[PDB]
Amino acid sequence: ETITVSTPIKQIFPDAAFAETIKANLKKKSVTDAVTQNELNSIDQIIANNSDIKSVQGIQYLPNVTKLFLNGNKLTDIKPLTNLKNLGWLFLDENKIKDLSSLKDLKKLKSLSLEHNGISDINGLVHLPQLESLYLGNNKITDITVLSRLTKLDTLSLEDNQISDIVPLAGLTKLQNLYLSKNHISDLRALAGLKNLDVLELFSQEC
């Protein structure tokens, strides 16, 4: 939502680490300093990799964020991102996020990264048919049937998982960069129809 009056950063963002992130972003002197909705509206980019963040509560007040870098934090719940309609790049590597229902309305999201999150179920991705780059390396994925729905993908990383069947990728004609090393792939018939691959990694398969 929005704040109707000058409010301390710490009151909007409960996580002490995230509050620090916002304070540094707005160039304020302290997380105790007050901020206005006009200032929060000016934020379109948050760079907070490895910042020891457990919660992004409060981020709901930044309607215009388009780039969010949150790699290597302590996140588990990304519900606060649900109405961030302008989100275009979302990096969430090295966290423990499994509930991807909060991404269903991010219709402008073009690049998503969820590596090292212990994920196995990616069915929630069906709601992002416009996705162009997707990084899911180092997880516990086996079934990628949903990916047949993401026809706009040109870059896809599924390295270090437990995939055997890649037939779902057969119709992703826009693929240029495909990372499939460290999986259980033997049948490559699925690549016969791909004409735009520039980078393809298939080494270290364990069958």
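Numbers follow the displayed sequence, beginning with 1.
When the C-alpha B-factors of 143-151 and 57-65 are averaged, 143-151 comes out higher. When the C-alpha B-factors of 182-190 and 16-24 are averaged, 182-190 comes out higher. The PDB entry assigns its highest CA temperature factor, among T32, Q45, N138, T36, to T32. Across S102, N86, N71, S111, the greatest Cα temperature factor reported in the deposited entry is at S102.
Annotation for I9: CA B-factor lies in the lowest third of the chain's modelled residues. Per the deposited record, the Cα B-factor of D121 falls in the middle third when ranked against the other modelled residues of its chain. When the modelled residues of the chain are ordered by their C-alpha B factor, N95 lands in the lowest third. Among the modelled residues of the chain, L172 sits in the middle third by CA temperature factor in this PDB entry.
Among the modelled residues of its chain, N41 has a C-alpha B-factor that falls in the lowest third, as given in the PDB entry.
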